[PDB]
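Take a look at the structure below.
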Amino acid sequence: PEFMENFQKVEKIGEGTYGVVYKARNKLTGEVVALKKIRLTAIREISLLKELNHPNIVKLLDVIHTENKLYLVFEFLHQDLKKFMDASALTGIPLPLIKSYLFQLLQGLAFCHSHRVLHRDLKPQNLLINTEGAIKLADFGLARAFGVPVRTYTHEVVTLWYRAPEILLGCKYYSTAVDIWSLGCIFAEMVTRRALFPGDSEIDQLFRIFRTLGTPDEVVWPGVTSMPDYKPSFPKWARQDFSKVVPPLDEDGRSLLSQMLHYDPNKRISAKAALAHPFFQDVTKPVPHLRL
Ligand SMILES: CC[C@H](Nc1nc(NCc2cccnc2)c2ncn(C(C)C)c2n1)[C@@H](C)O
């Protein structure tokens, strides 16, 4: 395609939900960027994301619509948290680095949420890291523009593991709380080195949540029994103590995680409130052990 004459494709980074992603060099400026090519209201709203700038949001440099393709040109980062997690499987990511990452991601969310922008599909694969100790949120704003499909453009299953229960239960309106839920699940996975709720279908996802957190009821979540996909026949599981769910996380960490995984999105902690949590009293910005 013509647009691609502006860039040398250096390597394929991967397959995203919507399109293929390439590390590229701008043939003229020599700038190294990540190029997402999506095969085709969405243009207008994605274009508005160019102003949604923050140090913990992957910079959107350009939005180009040309020949039934949409190209999104981003800042390039060298690693994603999913691969970092897998690489850290023997040892675990050190707690101070987990804490720094969580603090940074909450800052990114606080920013986007203050501008009434949600992500809606946070997952380790779209959390990108650099050598300086930064982590940044990728694909912010794309799910609103395109939806979140069941399969990706290459037919891969879009993971349900981070999806908030209100979405699974069929709520029409997503609040910023969906992103806090996803981040809580990611926090837990960093700590324990296993996904918290690895569902392989919507019902399995919902049941895994319920097995850990208890089957939700009107006590904990007003209105849940009126949600579109709620069934009175759901099994009633008891809630498990977080001390079991995420050892060896400390009391402050378990408190915060619990608040990020409240069922009621109106009760779930906000990004701004999370930043103030005592868990972060001693937050630092360590440099991650990396090889590129
Ligand atoms: C494939 C799915 C996407 N991943 C992705 N990874 C990026 N770097 C991590 C990486 C780099 C090289 C090799 N291995 C991983 C990246 N740097 C900017 N971007 C834009 C496009 C956001 C990147 N995107 C996103 C959708 O998760």
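The way I read the labels, and the way they are meant: chains A, B, ... in the order of the structure tokens, residue 1 as the first residue of every chain, and ligand 1 as the first ligand shown, with later ones counted on from there.
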Dump the neighbourhood of ligand 1 as a PDB file with N, CA and C atoms, in the first residue's frame: all residues within 7 Å, distances computed on only C-alpha atoms and all ligand atoms.
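Result file selection00.pdb:
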```
ATOM      1  N   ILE A  13       5.966  -6.803  14.908  1.00  0.00           N
ATOM      2  CA  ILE A  13       5.910  -6.850  16.360  1.00  0.00           C
ATOM      3  C   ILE A  13       4.888  -7.899  16.741  1.00  0.00           C
ATOM      4  N   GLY A  14       3.743  -7.904  16.043  1.00  0.00           N
ATOM      5  CA  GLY A  14       2.767  -8.850  16.414  1.00  0.00           C
ATOM      6  C   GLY A  14       1.465  -8.610  15.734  1.00  0.00           C
ATOM      7  N   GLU A  15       0.490  -9.384  16.167  1.00  0.00           N
ATOM      8  CA  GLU A  15      -0.889  -9.227  15.660  1.00  0.00           C
ATOM      9  C   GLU A  15      -1.665  -8.692  16.761  1.00  0.00           C
ATOM     10  N   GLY A  16      -2.240  -7.491  16.575  1.00  0.00           N
ATOM     11  CA  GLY A  16      -3.091  -6.957  17.539  1.00  0.00           C
ATOM     12  C   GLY A  16      -4.517  -7.447  17.415  1.00  0.00           C
ATOM     13  N   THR A  17      -5.400  -6.896  18.191  1.00  0.00           N
ATOM     14  CA  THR A  17      -6.836  -7.224  18.057  1.00  0.00           C
ATOM     15  C   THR A  17      -7.385  -6.783  16.680  1.00  0.00           C
ATOM     16  N   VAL A  20      -2.366  -5.760  12.249  1.00  0.00           N
ATOM     17  CA  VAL A  20      -0.993  -6.106  12.376  1.00  0.00           C
ATOM     18  C   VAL A  20      -0.215  -4.864  12.840  1.00  0.00           C
ATOM     19  N   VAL A  21       0.850  -5.140  13.596  1.00  0.00           N
ATOM     20  CA  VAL A  21       1.692  -4.107  14.147  1.00  0.00           C
ATOM     21  C   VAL A  21       3.131  -4.334  13.697  1.00  0.00           C
ATOM     22  N   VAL A  33       9.037   3.991  15.009  1.00  0.00           N
ATOM     23  CA  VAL A  33       7.656   4.113  15.453  1.00  0.00           C
ATOM     24  C   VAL A  33       7.088   2.672  15.412  1.00  0.00           C
ATOM     25  N   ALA A  34       5.940   2.517  16.044  1.00  0.00           N
ATOM     26  CA  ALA A  34       5.143   1.313  15.824  1.00  0.00           C
ATOM     27  C   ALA A  34       3.952   1.701  14.989  1.00  0.00           C
ATOM     28  N   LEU A  35       3.752   0.931  13.939  1.00  0.00           N
ATOM     29  CA  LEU A  35       2.720   1.203  12.952  1.00  0.00           C
ATOM     30  C   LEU A  35       1.676   0.107  13.103  1.00  0.00           C
ATOM     31  N   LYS A  36       0.431   0.476  13.353  1.00  0.00           N
ATOM     32  CA  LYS A  36      -0.675  -0.478  13.391  1.00  0.00           C
ATOM     33  C   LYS A  36      -1.502  -0.273  12.129  1.00  0.00           C
ATOM     34  N   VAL A  58       0.893   5.477  25.708  1.00  0.00           N
ATOM     35  CA  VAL A  58       1.691   5.359  24.558  1.00  0.00           C
ATOM     36  C   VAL A  58       1.296   6.491  23.616  1.00  0.00           C
ATOM     37  N   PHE A  74       2.411   5.150  16.320  1.00  0.00           N
ATOM     38  CA  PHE A  74       2.646   5.256  17.729  1.00  0.00           C
ATOM     39  C   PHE A  74       4.101   5.367  18.014  1.00  0.00           C
ATOM     40  N   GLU A  75       4.371   5.934  19.189  1.00  0.00           N
ATOM     41  CA  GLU A  75       5.629   5.696  19.854  1.00  0.00           C
ATOM     42  C   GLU A  75       5.935   4.182  19.911  1.00  0.00           C
ATOM     43  N   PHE A  76       7.170   3.783  19.743  1.00  0.00           N
ATOM     44  CA  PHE A  76       7.596   2.403  19.864  1.00  0.00           C
ATOM     45  C   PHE A  76       8.145   2.132  21.249  1.00  0.00           C
ATOM     46  N   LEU A  77       7.710   1.031  21.860  1.00  0.00           N
ATOM     47  CA  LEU A  77       8.336   0.561  23.089  1.00  0.00           C
ATOM     48  C   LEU A  77       8.871  -0.826  22.842  1.00  0.00           C
ATOM     49  N   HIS A  78       9.943  -1.145  23.543  1.00  0.00           N
ATOM     50  CA  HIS A  78      10.646  -2.384  23.242  1.00  0.00           C
ATOM     51  C   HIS A  78      10.080  -3.666  23.831  1.00  0.00           C
ATOM     52  N   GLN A  79       9.166  -3.606  24.799  1.00  0.00           N
ATOM     53  CA  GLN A  79       8.663  -4.833  25.402  1.00  0.00           C
ATOM     54  C   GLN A  79       7.276  -4.645  25.928  1.00  0.00           C
ATOM     55  N   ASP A  80       6.533  -5.737  26.042  1.00  0.00           N
ATOM     56  CA  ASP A  80       5.221  -5.726  26.620  1.00  0.00           C
ATOM     57  C   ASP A  80       5.235  -6.472  27.905  1.00  0.00           C
ATOM     58  N   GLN A 125      -0.805  -7.667  27.280  1.00  0.00           N
ATOM     59  CA  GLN A 125      -0.299  -7.521  25.943  1.00  0.00           C
ATOM     60  C   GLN A 125      -0.324  -6.098  25.479  1.00  0.00           C
ATOM     61  N   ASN A 126      -1.167  -5.218  26.051  1.00  0.00           N
ATOM     62  CA  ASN A 126      -1.194  -3.820  25.679  1.00  0.00           C
ATOM     63  C   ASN A 126      -0.614  -2.858  26.730  1.00  0.00           C
ATOM     64  N   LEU A 127       0.155  -3.422  27.635  1.00  0.00           N
ATOM     65  CA  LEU A 127       0.923  -2.663  28.597  1.00  0.00           C
ATOM     66  C   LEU A 127       2.369  -2.743  28.195  1.00  0.00           C
ATOM     67  N   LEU A 128       2.964  -1.616  27.820  1.00  0.00           N
ATOM     68  CA  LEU A 128       4.253  -1.620  27.192  1.00  0.00           C
ATOM     69  C   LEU A 128       5.303  -0.975  28.100  1.00  0.00           C
ATOM     70  N   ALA A 138      -1.251   1.070  26.065  1.00  0.00           N
ATOM     71  CA  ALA A 138      -1.426   1.074  24.605  1.00  0.00           C
ATOM     72  C   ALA A 138      -2.891   0.807  24.252  1.00  0.00           C
ATOM     73  N   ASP A 139      -3.277   1.276  23.074  1.00  0.00           N
ATOM     74  CA  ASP A 139      -4.618   1.001  22.437  1.00  0.00           C
ATOM     75  C   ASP A 139      -5.764   1.720  23.148  1.00  0.00           C
TER      76      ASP A 139
END
```
key: residue 237 in chain A surroundings by only C-alpha atoms, 12 Å radius, close-in-sequence under 2 positions cut, as a PyMOL selection string   = chain A and resi 206-217+233-235+239-240
For residue 84 in chain A, work out the shell of residues within 10 Å, counting only C-alpha atoms and skipping chain neighbours fewer than 3 positions away, then give it as a tab-separated table (two decimals) with N, CA, C and O atoms, in the first residue's frame.
```tsv
chain	number	residue	atom	x	y	z
A	79	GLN	N	9.17	-3.61	24.80
A	79	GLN	CA	8.66	-4.83	25.40
A	79	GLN	C	7.28	-4.64	25.93
A	79	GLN	O	6.88	-3.52	26.11
A	80	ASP	N	6.53	-5.74	26.04
A	80	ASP	CA	5.22	-5.73	26.62
A	80	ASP	C	5.23	-6.47	27.91
A	80	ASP	O	6.14	-7.27	28.18
A	81	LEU	N	4.30	-6.17	28.74
A	81	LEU	CA	4.29	-6.74	30.08
A	81	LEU	C	4.05	-8.26	30.00
A	81	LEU	O	4.49	-8.98	30.90
A	87	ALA	N	8.93	-13.99	30.92
A	87	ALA	CA	10.38	-14.01	31.14
A	87	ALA	C	10.76	-14.00	32.61
A	87	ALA	O	11.88	-14.39	33.01
A	88	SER	N	9.83	-13.58	33.43
A	88	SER	CA	10.05	-13.45	34.86
A	88	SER	C	9.43	-14.61	35.61
A	88	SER	O	9.30	-14.57	36.84
A	89	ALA	N	9.00	-15.64	34.89
A	89	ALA	CA	8.24	-16.74	35.47
A	89	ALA	C	8.98	-17.50	36.59
A	89	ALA	O	8.33	-17.97	37.51
A	92	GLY	N	9.70	-14.24	39.40
A	92	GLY	CA	8.67	-13.26	39.67
A	92	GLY	C	9.27	-11.86	39.46
A	92	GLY	O	10.46	-11.65	39.50
A	93	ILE	N	8.43	-10.93	39.10
A	93	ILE	CA	8.78	-9.52	39.06
A	93	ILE	C	8.89	-9.02	40.49
A	93	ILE	O	8.02	-9.20	41.31
A	124	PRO	N	-2.18	-7.61	29.65
A	124	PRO	CA	-0.75	-7.45	29.65
A	124	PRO	C	-0.14	-7.19	28.30
A	124	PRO	O	0.84	-6.43	28.25
A	125	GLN	N	-0.81	-7.67	27.28
A	125	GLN	CA	-0.30	-7.52	25.94
A	125	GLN	C	-0.32	-6.10	25.48
A	125	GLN	O	0.38	-5.84	24.52
A	128	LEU	N	2.96	-1.62	27.82
A	128	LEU	CA	4.25	-1.62	27.19
A	128	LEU	C	5.30	-0.97	28.10
A	128	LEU	O	5.04	0.00	28.82
A	129	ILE	N	6.52	-1.51	28.07
A	129	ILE	CA	7.53	-1.10	29.01
A	129	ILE	C	8.79	-0.69	28.27
A	129	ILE	O	9.08	-1.25	27.19
A	190	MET	N	0.74	-10.20	38.23
A	190	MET	CA	2.15	-9.87	38.46
A	190	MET	C	2.62	-10.50	39.77
A	190	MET	O	3.75	-11.02	39.84
A	288	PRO	N	14.08	-2.07	35.59
A	288	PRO	CA	13.89	-3.51	35.38
A	288	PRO	C	15.09	-4.14	34.67
A	288	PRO	O	15.65	-3.55	33.76
A	289	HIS	N	15.47	-5.31	35.18
A	289	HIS	CA	16.38	-6.23	34.53
A	289	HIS	C	15.80	-6.59	33.16
A	289	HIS	O	14.77	-7.26	33.07
A	290	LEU	N	16.42	-6.08	32.09
A	290	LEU	CA	15.95	-6.29	30.70
A	290	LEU	C	17.09	-6.67	29.74
A	290	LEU	O	18.26	-6.34	29.98
```
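Interatomic distance, CA of residue 111 in chain A against CA of residue 185 in chain A: 20.1 Å.
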task = Would you list the contacts of residue 115 in chain A as a PyMOL selection string, taking every protein, DNA or RNA residue within 12 Å and counting only C-alpha atoms, but skipping same-chain residues closer than 4 positions in sequence?
result = chain A and resi 48-49+51-54+108-111+119+141+176
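Shortest atom-to-atom contact with residue 220 in chain A among A:29, A:47, A:266, A:131: A:266, counting only C-alpha atoms.
Nearest residue to residue 149 in chain A, choosing from A:166, A:62, A:2, A:121 and counting only C-alpha atoms: A:121.
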task = List every residue of range 172-205 of chain A that DSSP, applied to the backbone of this structure, places in alpha helix (DSSP H), and write the result as a ChimeraX atom specification.
result = /A:177-192,202-205
key: Of the listed residues A:263, A:113, A:258, A:101, that which approaches residue 218 in chain A most closely, counting only C-alpha atoms   =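 Once distances to residue 218 in chain A are computed over only C-alpha atoms, the minimum belongs to A:263.
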request  = Have a look at A:60, A:249, A:256, A:168 and name the one nearest to residue 189 in chain A; count only C-alpha atoms.
outcome  = A:249
message = Taking only C-alpha atoms into account, name the residue in A:236, A:83, A:44, A:244 that is nearest to residue 145 in chain A.
response = A:44
ask   = In range 5-224 of chain A, what's strand (DSSP E or B) per DSSP? Answer as a VMD selection string?
value = chain A and resid 7 to 15 19 to 26 32 to 39 57 60 to 66 69 to 75 79 to 80 127 to 129 135 to 137 151 157
I need the chosen residues saved as an mmCIF file, in the first residue's frame, with C-alpha atoms.
```cif
data_model
loop_
_atom_site.group_PDB
_atom_site.id
_atom_site.type_symbol
_atom_site.label_atom_id
_atom_site.label_comp_id
_atom_site.auth_asym_id
_atom_site.auth_seq_id
_atom_site.Cartn_x
_atom_site.Cartn_y
_atom_site.Cartn_z
ATOM 1 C CA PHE A 7 8.322 3.532 6.228
ATOM 2 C CA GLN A 8 10.884 0.691 6.267
ATOM 3 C CA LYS A 9 9.214 -2.203 8.049
ATOM 4 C CA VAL A 10 11.962 -3.379 10.437
ATOM 5 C CA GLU A 11 10.070 -6.281 11.978
ATOM 6 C CA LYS A 12 6.643 -7.583 12.744
ATOM 7 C CA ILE A 13 5.910 -6.850 16.360
ATOM 8 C CA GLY A 14 2.767 -8.850 16.414
ATOM 9 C CA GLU A 15 -0.889 -9.227 15.660
ATOM 10 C CA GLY A 19 -4.543 -5.230 12.891
ATOM 11 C CA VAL A 20 -0.993 -6.106 12.376
ATOM 12 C CA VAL A 21 1.692 -4.107 14.147
ATOM 13 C CA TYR A 22 5.107 -3.315 12.700
ATOM 14 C CA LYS A 23 8.217 -1.663 14.035
ATOM 15 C CA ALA A 24 9.021 0.820 11.328
ATOM 16 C CA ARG A 25 11.434 3.575 10.505
ATOM 17 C CA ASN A 26 10.082 6.668 8.859
ATOM 18 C CA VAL A 32 11.356 4.608 14.881
ATOM 19 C CA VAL A 33 7.656 4.113 15.453
ATOM 20 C CA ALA A 34 5.143 1.313 15.824
ATOM 21 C CA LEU A 35 2.720 1.203 12.952
ATOM 22 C CA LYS A 36 -0.675 -0.478 13.391
ATOM 23 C CA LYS A 37 -2.472 -1.249 10.156
ATOM 24 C CA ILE A 38 -6.178 -1.902 10.405
ATOM 25 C CA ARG A 39 -8.147 -3.196 7.376
ATOM 26 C CA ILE A 57 0.027 6.582 27.654
ATOM 27 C CA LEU A 60 -0.349 8.426 19.333
ATOM 28 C CA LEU A 61 1.601 10.345 16.729
ATOM 29 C CA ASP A 62 -0.725 10.151 13.711
ATOM 30 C CA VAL A 63 -3.987 8.732 12.472
ATOM 31 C CA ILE A 64 -4.025 8.188 8.677
ATOM 32 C CA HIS A 65 -7.010 6.949 6.671
ATOM 33 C CA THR A 66 -5.981 5.864 3.196
ATOM 34 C CA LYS A 69 -6.861 1.033 5.723
ATOM 35 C CA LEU A 70 -6.443 2.942 8.906
ATOM 36 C CA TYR A 71 -2.928 3.377 10.060
ATOM 37 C CA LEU A 72 -2.068 4.400 13.523
ATOM 38 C CA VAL A 73 1.436 5.592 14.180
ATOM 39 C CA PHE A 74 2.646 5.256 17.729
ATOM 40 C CA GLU A 75 5.629 5.696 19.854
ATOM 41 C CA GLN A 79 8.663 -4.833 25.402
ATOM 42 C CA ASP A 80 5.221 -5.726 26.620
ATOM 43 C CA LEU A 127 0.923 -2.663 28.597
ATOM 44 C CA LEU A 128 4.253 -1.620 27.192
ATOM 45 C CA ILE A 129 7.526 -1.105 29.013
ATOM 46 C CA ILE A 135 5.138 1.431 31.713
ATOM 47 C CA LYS A 136 2.493 2.789 29.388
ATOM 48 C CA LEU A 137 -1.003 1.962 28.315
ATOM 49 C CA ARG A 151 -11.876 -12.934 17.725
ATOM 50 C CA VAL A 157 -9.516 -15.490 20.682
#
```
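One distance worth recording is that between CA of residue 41 in chain A and CA of residue 167 in chain A, which is 22.7 Å.
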task = Please indicate the distance in Å from CA of residue 102 in chain A to CA of residue 193 in chain A, rounded to one decimal place.
result = 15.2 Å
